[PDB]
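Accompanying notes for the structure given below.
Only heavy atoms go into these numbers, but all of them, side chains included; no hydrogens, no water, no symmetry mates. All chains are named by letter (A, B, ...) in the order of the sequence lines, taking the proteins before the strands, and each is independently numbered beginning at 1.
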Number of protein chains: 4
Amino acid sequence: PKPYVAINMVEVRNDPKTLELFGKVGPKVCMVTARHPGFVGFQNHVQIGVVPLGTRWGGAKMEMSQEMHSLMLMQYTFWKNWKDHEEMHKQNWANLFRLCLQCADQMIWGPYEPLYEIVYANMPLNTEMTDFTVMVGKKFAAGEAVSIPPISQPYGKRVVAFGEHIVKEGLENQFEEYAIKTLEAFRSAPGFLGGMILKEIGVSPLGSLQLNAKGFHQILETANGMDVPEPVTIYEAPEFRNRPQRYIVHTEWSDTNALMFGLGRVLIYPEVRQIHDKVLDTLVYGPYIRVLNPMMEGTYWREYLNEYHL
Amino acid sequence: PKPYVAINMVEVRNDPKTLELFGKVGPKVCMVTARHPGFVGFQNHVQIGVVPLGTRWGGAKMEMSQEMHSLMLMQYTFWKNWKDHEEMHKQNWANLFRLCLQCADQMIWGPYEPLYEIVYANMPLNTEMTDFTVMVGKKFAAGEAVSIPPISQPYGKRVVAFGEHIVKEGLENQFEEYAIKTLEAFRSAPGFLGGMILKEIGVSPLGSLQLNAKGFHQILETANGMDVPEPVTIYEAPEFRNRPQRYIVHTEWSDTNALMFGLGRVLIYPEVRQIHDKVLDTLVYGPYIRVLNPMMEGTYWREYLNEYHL
Amino acid sequence: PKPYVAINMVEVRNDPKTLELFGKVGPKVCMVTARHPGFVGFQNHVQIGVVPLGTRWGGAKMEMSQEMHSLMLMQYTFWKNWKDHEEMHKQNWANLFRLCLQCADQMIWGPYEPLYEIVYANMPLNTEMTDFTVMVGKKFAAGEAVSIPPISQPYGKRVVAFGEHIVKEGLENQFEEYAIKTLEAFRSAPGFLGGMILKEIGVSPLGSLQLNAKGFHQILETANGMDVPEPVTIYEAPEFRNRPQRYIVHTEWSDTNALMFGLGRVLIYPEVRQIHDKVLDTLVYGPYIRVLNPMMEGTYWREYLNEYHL
Amino acid sequence: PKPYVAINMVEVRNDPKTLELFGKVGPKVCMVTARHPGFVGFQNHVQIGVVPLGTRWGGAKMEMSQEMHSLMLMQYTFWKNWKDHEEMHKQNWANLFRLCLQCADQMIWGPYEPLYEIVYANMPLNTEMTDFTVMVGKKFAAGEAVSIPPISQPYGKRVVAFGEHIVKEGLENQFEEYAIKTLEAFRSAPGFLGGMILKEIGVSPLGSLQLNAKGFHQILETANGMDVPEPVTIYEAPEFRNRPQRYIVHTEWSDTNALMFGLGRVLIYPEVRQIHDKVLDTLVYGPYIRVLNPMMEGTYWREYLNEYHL
Ligand SMILES: [Fe+3]
Ligand SMILES: [Fe+3]
Ligand SMILES: [Fe+3]
Ligand SMILES: [Fe+3]
């Protein structure tokens, strides 16, 4: 079934010290998160660029990463129920807070952790190029040759388009209908690996290090987290539901050229342009498309979604 | 009286080509804006850093600017009525659109242009060090020695703290009361040059290049703006009023040390810490404090605010 | 009272030999000029740049001086009566001519020496930063706190805007009225140090090395001025009064940023733009604004103007 | 009213790692200290040199800092009652101990934290150069033109003379009388910014990491303070009151030349030399004068002392 998604957003220094530190701390955070039986996996991204749409963001490129002093991270965790994420943070607050503060000397902004429901998902199981023989054999044996997925390679071997959209009050149904029809049209595009539409439903206070005044002071005063703030918040996640309605349109692509020309169908393929025009007519903000590299992931989140495995 | 504020937010390449281009285009945009009789001046900023609050954002510094591949700009325009800003953009769309696109090859994100009401302002006239004799003489002649302002030097010779806050629904009155009391306490801090509290009331669609589908395509297709999009929007500014309520707490300081230790009173001076704790107990997001350099400005916005001049 | 002004204009090589030579000869010319009891002081300038007004003169900058192979000098002398200047040149012709020819191997153009009446002056006494205590004390003791001037620092520690204007026949009264109202509006601008409006009334033949044919040959033939031309002219200064009417709008500023944003009020502050539009509607030429550095000066010309001293 | 003073004394490596670490840890220690309502502010110093008094310490200079492998820090905290300091250390022992040990790899000697009563204080509010207009205006409006203080700039923009004195038993009253008369004479010296006389009344055991045997072992054995020693001491602060009586004569100066020639009045101005000779006749040790730079400070301690603010 469809999980719920938490996206931990942080901006960190683009330094070898930061790469090394996150490679040591990130796995520990995933191990703590996996103490909760509602956790069904994760997908961690580094922003590598921006889709320029001709010259609209002419200072940007799809691969800018080398040039940048900081990195935006978008760390997705997947949950059977969105309250499972909030419960996991409360139950594991001390260990999580301490791991979060190991990243302290590297952080510029965040963490900020919006929570999402999935409106639509066409997200296949990941497979390595070594695995396609197994996937083809098992799909043929089940009489499902017609629904064999593309090869969506894990661990940094494909790219993500992270499309930010904010929708005028009352046009949410129109946005969802025509964003789904757009993602269905992308199934024709070479190197399309799937997509999903995320609808923001709140912001995690503990995931965002947002406490009451006493907690805020304890966060600032702690010697590397040894001194644990009391995790008392002034809100619960649904009380920070941004309006107007935020969506992320998340698509996955073999590489940045497939992304550019595949997403480009909304501009250059008249029949797809007509569908996506209905999406554009709902927006107060966007589209703004970040290019992400999905580096570290727990691909079993898609086994939960699709209710099968290889 | 209190003007309304539009803050044009953009992220641009940190290049000599971008510095030169903005120094040529920026003044022209100000001249077009000044065609509207509701325009009362402007204050343009470049973000130079982040207040780290000890190690909370330990990868940031108050002066990071040299290290960065891109710059955030926050370009304030001041208006007798917020609708004057919307009318100016509509009446001058072609010339503004074309100037905005000269910056095209330098832009990474934006423009995004929220509109604000001023809740509170203690913002003196700017003066050069050469002017303090005039300011002192005129104040003494009026028997107003008690209200002589500090010397708030224009054109890059002071710094700004840009404090982002998002307030839980129903706690806006509490936030405003205690944010005002905090800014009043800052009058005791060495190098405090004034502050104001901005309350977000909408987002300018034309200022944010947010049009209907037809307009969006014309923006992407134009050869440097010669081809002018039809400025038809799917919303007006009040239909993009973010909830929960956004505020900017804008303070001005002689230098970054005065900023750090002056703002720091909310953490290290017990009587001020007790005031600001009431602000902290209202927040769903923040505080997050950007350090800005106010470079190009039309200081006469403060003549409008304070209803006098030297 | 208002003196009359002679502005000796020359273009010289931008060389260390030229800087050294002018530093030795300039003071001697001032000492010769001071033989005449009508001489009330001087203010010598080097042009350092041009106000570009956005991209209108996009090859220019306010500080270009380093990049230039030649320098324009504008050497102001101040006189109780304009005929005093002409009498001084006639009475001191040999010594002045010989000092002028010491600069010979450095001159590219000039000298050209227009004469001016002052239409309007708001030009304070100069003071060093060490003097402001005296200036404040003396003004307070006189009950004149309201009219304390800004600190207008002498000897290269401020900048000058030299605004060239040529006015259509019959629109001189309109030009003068609204140029005065513009300079009055500049009193509100940070770092404004005063201004004056100069109206060209003739050209000095002896100051311009303009003699009859016999004199011209003696100028060309002289061995460094030992051989003195007979100072016979074919005109007197009022017979070279340019039409249409030339004006210089001379303003003084703390620094080039204060100059750019202060003069900029005629473009970006709607109420001042409306005043200065009446000036623009009188022009056949201009505005063209040179940026000058007032290096060597006899500040006592302002003691004569203002009829007081510290 | 007069606060009491704790001076935390440590010697640390003069390394970029030590500068960075103290810039991150110091603010956190101040925030923990500010949990106690008796805390009224702080003034942290780095020793930059020694007053050589001709050739008496001829190997020393007033600015030696660049040449040195280690730095002496003198971190002043100010308290309504000296017991407030002892209570703050006891109540916040775990968080303070952990922050103190983050500095561990940089420490050579200390911490050693004597406690003081203020015998005499002439210590103005600090002001930035931007603030002097406000300070002058508010003092004139209060009828206190006669008592306007000098501009004592915060955050590393002045220097401190830290004068060590030890007084023969029975000569304390003579020392205090003539040390006060000496500091009154310094009001005549250019660049004098105030002074105070501190009389040592004890040593903080917790501030000095002086515990019983069990605590000492736990201090040595702790993994970076995670393992918290039991804060059991063998003495209270008044049981480590050094005899004979220690004083610090603390004076503040615009710069090191004003310090040298201003303090020098006790040697070179006969009438002041006669006053200070009465101080010299009381000493068993001293004077020994360290030159300090007051870098990070909570200037509101002077608002408590003087019972007003700007
Ligand atoms: Fe989370
Ligand atoms: Fe705008
Ligand atoms: Fe002349
Ligand atoms: Fe202590």
Side-chain angles (χ1 to χ4, degrees), chain A residues 3-36 38-49 63-65 68 70-79 82 84-85 88-89 92 95-96 99-104 106-116 118 121 123-126 128 152-164 193-196 198 203-204 206-209 248 250-253 256 259 290-305, chain B residues 59:
Chain A
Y4 293 79
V5 192
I7 303 180
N8 180 58
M9 306 181 78
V10 291
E11 186 184 2
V12 299
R13 289 198 130 233
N14 186 15
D15 279 351
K17 179 184 304 205
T18 303
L19 264 65
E20 195 194 277
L21 176 60
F22 270 75
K24 287 168 173 296
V25 175
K28 294 175 135 174
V29 168
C30 293
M31 294 184 273
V32 173
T33 300
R35 294 174 186 174
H36 195 287
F39 180 64
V40 304
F42 71 98
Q43 189 171 306
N44 288 355
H45 309 83
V46 56
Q47 179 172 353
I48 60 170
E63 294 181 273
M64 288 172 73
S65 224
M68 297 190 295
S70 66
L71 298 173
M72 185 71 34
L73 313 183
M74 291 81 162
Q75 305 188 311
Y76 293 28
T77 55
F78 295 95
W79 300 93
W82 67 264
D84 297 334
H85 170 271
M88 185 283 300
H89 271 273
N92 298 288
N95 202 152
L96 286 173
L99 290 169
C100 179
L101 285 216
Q102 286 179 340
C103 304
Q106 315 304 124
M107 260 200 282
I108 296 163
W109 170 85
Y112 172 71
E113 190 174 35
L115 304 184
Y116 300 82
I118 302 181
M123 297 285 282
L125 301 187
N126 297 114
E128 293 279 16
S152 179
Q153 298 170 86
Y155 315 134
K157 294 180 176 165
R158 74 194 185 282
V159 296
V160 167
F162 180 102
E164 296 188 272
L193 301 178
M196 59 185 178
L198 307 183
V203 172
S204 178
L206 293 187
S208 309
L209 295 185
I248 302 306
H250 174 119
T251 56
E252 307 204 337
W253 303 89
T256 54
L259 184 161
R290 302 177 186 250
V291 180
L292 274 41
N293 178 11
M295 286 195 81
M296 299 186 41
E297 54 191 336
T299 63
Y300 46 87
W301 80 261
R302 296 152 185 253
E303 297 163 32
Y304 179 79
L305 174 67

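The salt bridge (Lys or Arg N to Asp or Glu O under 4.0 Å) check on A/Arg290 picks up A/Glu164, with sequence neighbours excluded. Residues that satisfy the salt bridge (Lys or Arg N to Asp or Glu O under 4.0 Å) test with A/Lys17, not counting sequence neighbours, are absent from this structure.
Shown here is A/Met295, whose CE atom has no more than 12 heavy atoms of other residues, nucleotides or ligands within 6.0 Å.
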Do A/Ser208 and A/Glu113 pass the side chain to side chain donor-acceptor pair (under 3.5 Å) test, and can you show the C-alpha distance, the side-chain angles, and the key distance before you say yes or no? CA-CA 5 Å; A/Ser208 309; A/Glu113 190 174 35; 5.7 Å; no
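Two rings, from A/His45 and A/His250, have their centers less than 6.0 Å apart.
A/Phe22 is listed as a side-chain neighbour of A/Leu73, based on a closest heavy-atom distance under 4.5 Å. Here the side chains of A/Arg35 and A/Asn95 are in contact, with some heavy-atom distance below 4.5 Å.
The nearest pair of heavy atoms linking A/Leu125 to A/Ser152 is O-CB, 4.4 Å. Residues A/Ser204 and A/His85 approach most closely at OG-CE1, 3.3 Å, considering heavy atoms.
Looking at A/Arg302, A/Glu303, A/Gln43 one by one, the single match for side-chain hydrogen bond (donor to acceptor under 3.5 Å, both in side chains) with A/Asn126 turns out to be A/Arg302.
Ring geometry, A/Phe42 versus A/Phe39: the interplanar angle falls under 30°, so the pair is classed parallel (tilted spans 30 to 60°). Taking the six-membered ring for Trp and thresholds of 30 and 60 degrees, A/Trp301 and A/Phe78 have nearly parallel ring planes, at less than 30 degrees apart.
Using modelled atom types, one finds no donor on one side chain facing an acceptor on the other under 3.5 Å when comparing A/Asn293 with A/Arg158.
Classification of A/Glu297 and A/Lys157 as a salt-bridged pair fails, no side-chain N sitting under 4.0 Å from a carboxylate O.
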